[PDB]
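The chain that follows stands alone, in the form deposited in one PDB entry, written as structure tokens.
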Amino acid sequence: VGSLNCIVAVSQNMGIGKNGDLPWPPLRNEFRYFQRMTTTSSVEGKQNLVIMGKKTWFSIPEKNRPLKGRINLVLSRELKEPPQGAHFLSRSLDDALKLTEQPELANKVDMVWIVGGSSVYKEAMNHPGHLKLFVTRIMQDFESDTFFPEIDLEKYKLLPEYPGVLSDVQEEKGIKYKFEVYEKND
């Protein structure tokens, strides 16, 4: 796999979670952006793969699990089989990417999306090679108990624009936010 993508939404105080859910109220178009980015593939015969930690998996509503139209892979050191409804289980990120090269997934995976949590993001951001970070900046402070690791600007560049990503400040339910894309190359 020659490229990874991470996708996250983060408050001004770098918060990404509180009590097993988002720190802010549900933002419907922001969620629709997450669903569009992670689901869309124009390559016939292939699907995107989403990779997440176990707490993030259990943070998804049961009726929405697995994420539809995507291959769902959970990372866990303790499980022996995927949680109920998930497609694959791997002991680490390196192992997950290697799994995509094996027969079952060989002709099947287009893009790879890391969708949390903290430790998964941290590991992905230091992975060698090309990597993009799709970061939604929620432009307020929210009480949080889980945080996004610092973006190393020695490695990552904020892109001035990106095709298919809106550049202006957005607003839903009185909360302002903006979509950012960062890239590193190694």
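When you see a residue number, it is the position in the sequence shown, counting from 1. Heads up, when I say rigid core I mean the largest set of C-alphas that superpose within 1.5 Å between the two forms. Shifts are known only where both forms have a C-alpha.
Checked against the record, the higher mean CA B factor of 22-30 and 59-67 lies with 59-67. According to the PDB record, 116-124 carries the higher mean C-alpha B-factor of the two stretches 116-124 and 132-140. Residue-level temperature factors show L158 in the middle third of its chain, judged at the C-alpha atom. Ranked by Cα temperature factor within the chain, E180 sits in the lowest third according to the deposited record. In the PDB entry, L73 places in the lowest third of its chain by CA B-factor.
Not pictured, yet referred to below: the form deposited in another entry.
After superposing the rigid core, the Cα of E101 is displaced by 2 Å or more between the shown form and the other one.
In sequence order, the runs of at least 3 consecutive residues whose Cα atoms each shift by 2 Å or more between the shown form and the other one, relative to the superposed core, are 42-45, 101-104.
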